[PDB]
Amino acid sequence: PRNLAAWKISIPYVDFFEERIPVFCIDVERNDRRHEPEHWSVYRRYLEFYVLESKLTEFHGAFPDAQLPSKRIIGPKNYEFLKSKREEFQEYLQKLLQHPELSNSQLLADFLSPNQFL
């Protein structure tokens, strides 16, 4: 029985994919089963977070306590800028996981599962 509140995540660093596009590396731990629990990593682009927020809020309505900051329209989304947003983005996801409304969210699960948000 899926329960995202029993999933712990962190974004320990920013990496590169394709070494061309910068991405957040999201470590996931899944504790809604099992001694040792399940764990993996996922790589998400800056823009994918905004699509997640758009899609979640469309389906579930807004979350006052969990808001992404304004999307950068003018300027580069390079390594140092992703690095500057790491902690905010980590906190955003962690708060989402504790919303009862999202404890069985397919969007959030897909977002936090390896291998949609374009």
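Position 1 is the first residue in the sequence shown; the rest follow in order.
Unresolved deposited residues lying between neighbours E18 and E19
Unmodelled stretch: 10 or more residues.
What size is the break between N115 and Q116 in terms of deposited sequence residues left without coordinates: none, 1 to 3, 4 to 9, or 10 or more?
4 to 9 residues are missing.
Using only the Cα atoms and their B-factors as the entry lists them, report which of 83-91 and 69-77 averages higher.
It is 69-77 that shows the higher mean C-alpha B-factor.
Higher-B stretch (mean Cα B-factor, as the entry records it), 50-58 or 35-43
Per the PDB record, 35-43.
Tell me, lowest, middle or highest third: where does the Cα B factor of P22 rank within its chain?
Middle third of the chain for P22's C-alpha B-factor.
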